[PDB]
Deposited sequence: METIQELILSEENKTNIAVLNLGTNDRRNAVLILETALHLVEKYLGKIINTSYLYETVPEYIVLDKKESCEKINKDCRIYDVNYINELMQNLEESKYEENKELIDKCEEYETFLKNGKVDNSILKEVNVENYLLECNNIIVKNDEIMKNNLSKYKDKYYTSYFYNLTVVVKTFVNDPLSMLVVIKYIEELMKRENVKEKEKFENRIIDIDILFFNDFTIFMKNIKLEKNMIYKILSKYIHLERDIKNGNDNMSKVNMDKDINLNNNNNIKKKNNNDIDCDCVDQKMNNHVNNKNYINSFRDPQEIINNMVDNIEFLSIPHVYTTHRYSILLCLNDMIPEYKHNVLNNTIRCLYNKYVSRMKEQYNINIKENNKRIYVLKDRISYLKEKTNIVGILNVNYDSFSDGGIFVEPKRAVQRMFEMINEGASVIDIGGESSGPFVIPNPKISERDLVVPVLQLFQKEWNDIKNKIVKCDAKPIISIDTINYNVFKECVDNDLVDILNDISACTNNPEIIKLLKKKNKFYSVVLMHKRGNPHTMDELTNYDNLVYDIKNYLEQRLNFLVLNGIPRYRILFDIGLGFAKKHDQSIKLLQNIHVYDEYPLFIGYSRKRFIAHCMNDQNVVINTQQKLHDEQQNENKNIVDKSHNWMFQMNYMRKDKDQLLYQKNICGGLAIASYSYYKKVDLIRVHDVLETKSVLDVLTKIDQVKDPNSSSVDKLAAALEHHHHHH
C-alpha cells in the first residue's frame, strides 16, 4: 500500500554496508557516508572495524547541504530498547511491504547469484568495507533504499546496501517508481537534478536480507564485529557460527589463511593504519616559568627523532594555559610528514578549545572518558571524527597505588575497556577510532604491570596503545646512583619497546624518542627478509653440496 507517506512516528533497526575503492581516501569517503546516514536516516548505534579486502570536492558539498526533516539529537544514551529487541528477534511493529516466507526467499536468491556468476565469467582491485547499525525513523526498507541511493548519488566511489531491516524477510522481484513519486519520499525526510532521475533505471528489486549477506566474506567479517549473536530466520546459524565456519573452511579446503588478505584497519587521524603492522612511537610532551618556544622546538626535535604522534599534556596556572599556547605556536611554525597530535586531558573545556581551533587529532583520556562522559560528544562534528585512547585506572595519583585488588587482573581490565568501547560505539564513535590502553602503573603493583604485559596478547584483535616509559615497575625488574637508575630505567624501557615490537603493539608512548626509534629500526631491519623461502632453500643447497 501507499502507507509510505504517513508521518506516524516509528523506529526501525537498519543494518547497512558501505563500500569504496579509493585507498588514498577511503576514510574521507566512508566517514562522509556515515555523517549523511547520521543526518538523513536516524542514529548510528554500532559500527564495525574498517576492513581492507580483496574479493577538494567534498569540502563544498558539506556547506551546501539540505536540512533533514527530522532533528539531530546529540544526547548520550546507555541503552536502546529497539536494538535490544532487534538482536533477540522479538516483536517490533509489522512490515509495511509484503513479506515472503523462508523457502521462497531461499530460491529467489539462487536466481540472482547464478545469473551473476554467469556474467562475471564473461567479464574477464581493493575493497574497503564497514557495516553500520541505524536506529531509523524511515518507515520501510524501500523508502530507505531510496534515501540510501540519493545519498550515494549526492557523493558522485561508494556502494551503500541494506543488510537487514528488523526481522523482515522481504523479496520483491520487479520494481519501478515514478519520478515525482521519488521526490515525494525524498521530501518526507528532506527539505528540498541530473542526479535525481538516475535512480529510476536502478532500483530494479529489493532483497532483505541482502542477497550476498552470507556469501561475501567481507560482509560476514564486519557483522562479526557488531552483531555476532544475531540469528535471522533466513540463516541456519548465528553471524559468529557462520563466520567461524567460513574461516575453518577456507583453511581446510583451500589451505589458505583468509585474514592474511583481508586486513583490519584503525585510524589515528584520516589515514589508514593496518592493525598490528607497525609500532608507532608516540612522543611525550609534558609541559612544565614555561618557555612555549622550548616546548614547540622539542616537538620538532621529537618529530626528527622518529615520533609519528605527539602526546601533549599539562594534566597557580591552568592546564589550558600550559598547552593551548604551545599547540597554537606549533600550529603556526608548521605553516612556516605532519605529526598526529594527541592531548592528554580528561578536561572537557580544554579539548573543546583544542578541537574548535583544530589544534589536536586525538583525545588521550586516562579516565577512559568516565570523568566526563560528555567528552565523547566532542569526537564528532558534521564532517569530522576524532580518535580516542581509552585507558584503565582506579583513583587518582594520591590513592591509586593502594587500589590493587582484582578478581581477575587481565580480564577485568580488558572487559572494562571493552564496555567503554561499546559505550562510545553505541553513541556513534566509529569502532575503528577507539584505542585501548591498560594503564601500566595506574593502580597496579609492579608484578601486575608485568602480568599485564605478559598477557598483552588478549589485545590481538584491538588497536593497542601502552605507556611504560620511565615508570616505577621497570626499576622493579632490575637485580651518582640516581643517574644510574635513570640510565637503567631508560634501557629497561628499551627492552619493553622490543617486547612491544614483537607483540605488535600498535602505539608506545615514550619519553626517549631517539633511543626507541633506534631499537625499532634495528628490529625492523632484522625482520625484513628479502626471500621468505631462502632459509630452507639455502639449507637444502648445503645438504646437496
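In sequence order, the gaps in C-alpha coverage of the deposited chain fall at 1 to 4, 60 to 82, 152 to 160, 193 to 205, 242 to 302, 399 to 407, 435 to 444, 466 to 474, 618 to 656, 723 to 728.
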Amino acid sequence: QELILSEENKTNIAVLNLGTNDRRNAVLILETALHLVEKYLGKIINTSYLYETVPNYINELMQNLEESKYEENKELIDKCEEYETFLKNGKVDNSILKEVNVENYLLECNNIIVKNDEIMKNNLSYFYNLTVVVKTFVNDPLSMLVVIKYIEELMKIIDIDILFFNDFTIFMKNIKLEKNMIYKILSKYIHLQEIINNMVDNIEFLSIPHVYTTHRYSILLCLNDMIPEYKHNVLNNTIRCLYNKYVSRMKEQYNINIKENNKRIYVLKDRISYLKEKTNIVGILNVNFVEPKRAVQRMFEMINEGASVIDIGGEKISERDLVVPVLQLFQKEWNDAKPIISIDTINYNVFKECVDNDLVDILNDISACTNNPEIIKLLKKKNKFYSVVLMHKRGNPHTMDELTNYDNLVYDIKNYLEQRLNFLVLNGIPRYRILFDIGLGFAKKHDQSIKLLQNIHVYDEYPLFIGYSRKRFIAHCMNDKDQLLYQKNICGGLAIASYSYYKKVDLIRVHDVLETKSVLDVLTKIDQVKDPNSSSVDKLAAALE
From here on, numbers count along this sequence of modelled residues.
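Just going by the entry, 235 to 243 versus 221 to 229 on mean CA temperature factor gives the higher value to 235 to 243. The stretch 196 to 204 shows the higher mean C-alpha B-factor when 455 to 463 is compared against 196 to 204 in the entry. As recorded in the entry, 94 carries the highest CA temperature factor of 408, 94, 280, 449. Across 125, 166, 129, 345, the entry's maximum B-factor at the CA atom is seen for 125. Per the deposited record, the Cα B-factor of residue 135 falls in the middle third when ranked against the other modelled residues of its chain. When the modelled residues of the chain are ordered by their C-alpha B factor, residue 534 lands in the middle third. In the deposited entry, the Cα temperature factor of residue 499 places it in the lowest third of its chain's modelled residues. Ranked against the other modelled residues of its chain, the C-alpha B-factor of residue 358 as given in the entry falls in the middle third.
Among all modelled residues in its chain, residue 512 ranks in the lowest third by Cα B-factor.
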